[PDB]
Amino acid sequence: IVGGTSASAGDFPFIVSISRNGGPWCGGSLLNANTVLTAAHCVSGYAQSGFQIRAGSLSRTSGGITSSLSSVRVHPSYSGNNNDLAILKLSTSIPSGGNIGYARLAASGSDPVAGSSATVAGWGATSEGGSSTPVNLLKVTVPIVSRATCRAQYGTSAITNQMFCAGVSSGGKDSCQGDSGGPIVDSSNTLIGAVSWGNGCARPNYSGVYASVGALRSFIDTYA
């Protein structure tokens, strides 16, 4: 997260950190006791044994409850930037309670409205290109950017109806490498997306791009 602030205990109770080969990798959202939602690009094409999820901690390295993966399912139309969600099944179920909870999902057919406030969180780099990643969770609030504006930034075909955008025109506030797969919520605390891609991080005139939960809800419901 670039331009963010420290998360407090009990913020984002459904967030999980996802390590790969024992090192930081990405974020995700706990949907229920045995299921995590993340970005497809976090897991597609990689050995599933490399991953571990941690829930219920501000730290990505310690505390909370961990699990390995039993299975991975990417959206059936995932390709590159598009349809960038996956469902992970956990080897060890994770109960809600304390600083662990489950996400509430945007509805099928919904789309975030331009200018509405969203909050994204993760353990990714705090500088575009940063050399070390924080141990403790960060968060930042950014407005939704209309899909038409985002298409003017990236190209018409580059932003699909399964993506939405968020950021500040002058830059400075964004998700970044290592934040992929983690949650972006709306002003009702409903999970509206997962961190997906962008041109650098927090650059003026290049919004962060998020995989849309509303657009991909049928896949999520099928496998959750």
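Throughout, we count residues from 1 along the sequence that is shown. Each form is matched to the other, and the largest set of C-alpha atoms that superpose within 1.5 Å is called the rigid core.
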Checklist outcome for this item: In terms of RMS C-alpha distance in 9 other deposited structures of this protein following rigid core superposition, 83-91 and 129-137 differ, and the farther one is 129-137
Next on the checklist: Please compare 82-90 with 121-129 and name the stretch with the higher mean C-alpha B-factor in the deposited structure.
Outcome noted: 121-129
Item to check | Between 164-172 and 22-30 (mean CA B-factor, as deposited), the higher | outcome: 164-172
Item to check | Residue, from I100, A107, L137, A103, that the PDB entry assigns the highest Cα B-factor | outcome: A107
Item to check | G198 by Cα B-factor - lowest, middle or highest third of the modelled chain | outcome: middle
Checklist entry - Based on the entry's values, in what third of the chain does the Cα temperature factor of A158 lie: lowest, middle or highest? => result highest
Item to check | For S212, the third of its chain into which the C-alpha B factor falls | outcome: lowest
Item to check | Third of chain Cα B-factors occupied by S44 | outcome: lowest
Checklist entry - Going by the entry, which third of its chain does the Cα temperature factor of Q52 land in? => result middle
